[PDB]
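>>> Starting from these lines, generate the structure:
(chains A and B, ligands or ions: 2)
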2 protein chains.
Amino acid sequence: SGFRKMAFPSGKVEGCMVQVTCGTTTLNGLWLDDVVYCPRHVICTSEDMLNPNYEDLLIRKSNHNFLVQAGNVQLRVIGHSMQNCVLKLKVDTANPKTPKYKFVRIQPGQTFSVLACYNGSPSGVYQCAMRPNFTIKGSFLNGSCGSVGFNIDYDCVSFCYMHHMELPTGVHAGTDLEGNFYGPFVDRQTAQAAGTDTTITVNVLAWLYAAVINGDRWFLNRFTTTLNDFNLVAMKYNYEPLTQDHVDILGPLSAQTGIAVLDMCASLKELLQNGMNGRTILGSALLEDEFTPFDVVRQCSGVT
Amino acid sequence: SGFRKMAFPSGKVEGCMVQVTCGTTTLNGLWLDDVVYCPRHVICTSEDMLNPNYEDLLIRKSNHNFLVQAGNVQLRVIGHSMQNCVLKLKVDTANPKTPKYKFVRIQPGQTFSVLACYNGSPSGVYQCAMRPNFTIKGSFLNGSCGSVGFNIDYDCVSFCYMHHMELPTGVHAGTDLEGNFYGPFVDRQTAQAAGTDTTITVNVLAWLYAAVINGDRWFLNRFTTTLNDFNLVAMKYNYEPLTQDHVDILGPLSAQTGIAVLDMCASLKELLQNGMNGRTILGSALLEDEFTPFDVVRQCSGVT
Ligand SMILES: O=C(Cc1cncnc1)Nc1cc(F)cc(O[C@H]2CC(=O)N2)c1
Ligand SMILES: O=C(Cc1cncnc1)Nc1cc(F)cc(O[C@H]2CC(=O)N2)c1
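Numbering: from 1, shown residues only, chains lettered A, B, ... in the order given. Ligands and ions are numbered 1, 2, ... in the order given. Shown next is the protein structure:
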């Protein structure tokens, strides 16, 4: 029993973190096979960042200008390329600690673990969700650029996120491992707004199922609702509309608890309209939306 | 910016996890040098657990009865001993992945990372606090026994906790790496109550400093208080009394924010007496006590 915001064990990803320096700028790189991936703004100076012409900036850089350090060993750069907003530095040595890996572009509402790094060294690991507005509510400081987000499927690491920037909002923006930003963000030092963020409804329901599995049943009621009626309430409270696909994904949790999805929706409706009245669910005074139905099943079944 | 319940990178500890089987029971072991540490209740059957005589039970076990598996390789047991509530199985091979380590017995209120494991394999990592009542509010299932709690100081892992049991309360109890339980708990299948748990006052204040550092300043007020007056309020709300030692430990955060500790105490007093009025602090609708002042400094400064 118990329910925590759990991250994947980070060992496979720690063995991939390197330091990349270009001029005066130092950030984190991801070394997989003979390629080091990092945010392309490593080639910029503070004045370049206001309106950078990355193609012209990269043209003034040669293989010897990129310094790559793995722990205390210097890697030799033999190739360099820009793919969207990431640089691919070809090194002469394949990473002996390269785990089985994939590059995946996650969907908003999906979750992942972040290994926050500084100077090629890991400092901590935490669980995140890609928000519907394509930002992440992480914990990142100056020097954290190049830190990656991932998931693990038994032995295979699926890299999904590379950290690039913080919006003045305090929220974080970044790319997939092909350098494509999630959202409308650009790697330029200019005011950028993350659109309106919504609450991931399917995740809150999954967490209400995790609460029931853990003994927290006070919010359960004698009511039911319909997809259309619950959706009228979801739009009022900035909640993503619930679809039959979401209902299907909640199937294993509905079967495990014996509570039909539409009955769980009616508990959520009353929680939205009436608040929590000073009570808590899984040690929380608000409705949690950063646990997917897969996360709930995995945590409640002990998948290693 | 941003503030998350951050765990230490778990790679150094994943390289130490093994599976220990004794009869029908399988649990997790910690392999460091030529010794595998695990909870002593691995030698028990469900009937033995009601009132176990560990000394007599262990007498019926020989080195060959303990099966130790590291990934897919079988370790050879050449010695066995019981130290309080843990078994020390001497193996013929030293763990090549043994990091620099210490065994420390943490104080209540201090924090640590848990690498939850099943069958010698890690499933996730999360941050915990040792509660004033010596329990931890973890996420553990059957098979998770032997999972460890630790801290990392640059390259040195300080093992502080080994998971042994769950109380019917849903909270978790365990030992230090010498097998001494934190709290009054015994490794017997009998009703055990964790005493009254208090809120770690110094940690809530540290988190209020992390909130100020992150832009959340709504709770700051035009009031001040004294240690004695604030303590009258702390006892009313099941909060640990604040001492001058706690005030001193908050010194770096007080210097960084420019807000004197007694002024932060007055904000906490008004938050206790008036609640949050539907507002949040660092994305939370309740007062968080599982971040020490060291955790706040480390997260807000990027210590790797
Ligand atoms: O934020 C960091 C660096 C950093 C600091 N703190 C946390 N995480 C990252 N760099 C950065 C990189 C970049 F290509 C664009 C950019 O634009 C600003 C304007 C806007 O909004 N974002 C900022
Ligand atoms: O709880 C688990 C096994 C476990 C299950 N779920 C989460 N974490 C651990 N074993 C266990 C071991 C033990 F030596 C004593 C004992 O007494 C019960 C009575 C009381 O309270 N605790 C239980």
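>>> For the rest of this, base every contact and every neighbour count on C-alpha atoms.
OK.
>>> Am I right that residue A:216 sits in a strand?
No. Counting by DSSP: H, G, I helix; E, B strand; the rest coil, residue A:216 is located in no strand; its state is coil.
>>> Contact residues of chain A facing chain B?
Residues of chain A lying close to chain B by Cα under 8 Å from any Cα of the partner chain are A:1-12, A:14, A:115, A:117-118, A:121-126, A:137-141, A:166, A:170-171, A:284-286, A:299-304.
>>> filter those residues down to the ones near ligand 1?
With Cα under 6 Å from any ligand atom as the criterion, those include A:140-141, A:166 near ligand 1.
>>> In helices, which of the residues of chain A next to chain B fall?
Counted as lying in helices by DSSP state H, out of those, are A:11-12, A:14, A:299-301.
>>> ok, how many other residues are close to the residue of the stretch 151-300 of chain A found nearest chain B?
Closest to chain B within the stretch 151-300 of chain A is residue A:285: 5.1 Å, counting by Cα to the nearest Cα. The number of residues packed near residue A:285 is 19, by other Cα atoms under 10 Å in any protein chain shown.
>>> and residue A:45, how many neighbours?
For residue A:45, using other Cα under 10 Å, the count is 15.
>>> Dump stretch A:151-159 to CSV, keeping only the CA atoms.
Output in CSV follows, covering the C-alpha atoms of stretch A:151-159 (Å, rounded to 0.1, in the frame of the first residue of the first chain):
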residue,chain,number,x,y,z
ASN,A,151,10.4,6.0,-19.6
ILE,A,152,11.7,2.4,-19.1
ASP,A,153,10.1,-0.8,-20.6
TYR,A,154,12.0,-3.6,-18.7
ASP,A,155,15.5,-3.0,-20.3
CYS,A,156,14.6,-0.3,-23.0
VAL,A,157,14.9,3.4,-22.2
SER,A,158,12.5,5.6,-24.3
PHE,A,159,13.9,9.1,-24.4
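>>> Contacts for that stretch next, please.
Stretch A:151-159 has contacts (Cα atoms under 8 Å, 6 or more residues apart in numbering or on different chains) with A:8, A:12-13, A:99-104, A:112-113, A:148-150, A:160, A:176-177, A:304.
>>> mind redoing it with 7 Å?
A:8, A:99-104, A:112-113, A:149-150, A:177, A:304 (Cα atoms under 7 Å, 6 or more residues apart in numbering or on different chains).
>>> And stretch A:272-288, by the same measure?
Applying Cα under 7 Å, 6+ apart, the set of residues contacting stretch A:272-288 from outside is A:3, A:204, A:207, A:211, A:216, B:285-286.
>>> Which of these lies at the shortest distance from ligand 1?
residue B:285 (24.3 Å; Cα to the nearest ligand atom).
>>> For chain B, what is the nearest residue in chain A?
For chain A and chain B, the shortest gap (Cα to the nearest Cα) falls at residue A:11, measuring 3.6 Å.
>>> That residue: neighbour count?
Residues near residue A:11, counting by other Cα under 10 Å: 18.
>>> quick revisit: buried members of the ones in helices among the residues of chain A next to chain B into PyMOL, please.
Buried residues among these (16 or more other Cα atoms under 10 Å in any protein chain shown), as a PyMOL selection:
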select buried, chain A and resi 11+12+14+299+300
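>>> is it possible to export the ones in helices among the residues of chain A next to chain B to a markdown table including distance to residue B:19?
Converted to a markdown table, those look like this (distance: Cα to Cα, whole Å):
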| residue | distance to residue B:19 |
| --- | --- |
| A:11 | 18 |
| A:12 | 20 |
| A:14 | 23 |
| A:299 | 20 |
| A:300 | 21 |
| A:301 | 18 |
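>>> just to revisit the earlier point, can you give me the distance of the residue of chain A closest to chain B to ligand 1?
23 Å (Cα to the nearest ligand atom, to the nearest Å).
>>> swap in residue A:188?
Distance from residue A:188 to ligand 1, by Cα to the nearest ligand atom: 4 Å.
>>> Number of residues surrounding that residue?
The number of residues packed near residue A:188 is 15, by other Cα under 10 Å.
>>> which residues does it contact?
Counting by Cα under 7 Å, 6+ apart, residue A:188 has contacts A:49-52.
>>> Could you identify which of those residues has the most neighbours?
Going by other Cα under 10 Å, residue A:52 tops these with 18 neighbours.
>>> How about the strand or helix carrying residue A:268, which residues are buried there?
Using DSSP states H and E, the element containing residue A:268 is helix A:261-274. The neighbour-count check on helix A:261-274 (16+ other Cα under 10 Å) flags A:261-272 as buried.
>>> can you check stretch A:204-218 too?
So for stretch A:204-218, counting by 16+ other Cα under 10 Å, buried means A:204-214, A:216.
>>> Would you mind giving those residues as CSV with secondary structure added?
Formatted as CSV, those follow (three-state DSSP):
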residue, secondary structure
A:204, helix
A:205, helix
A:206, helix
A:207, helix
A:208, helix
A:209, helix
A:210, helix
A:211, helix
A:212, helix
A:213, helix
A:214, coil
A:216, coil
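>>> for the closest residue to residue A:148 other than its chain neighbours, what are its contacts?
With Cα to Cα, 6 or more residues apart in numbering or on different chains as the criterion, residue A:148 has its nearest non-adjacent residue at 4.4 Å, and that residue is residue A:162. Shown in contact with residue A:162 (Cα under 7 Å, 6+ apart): A:146-149, A:174-177.
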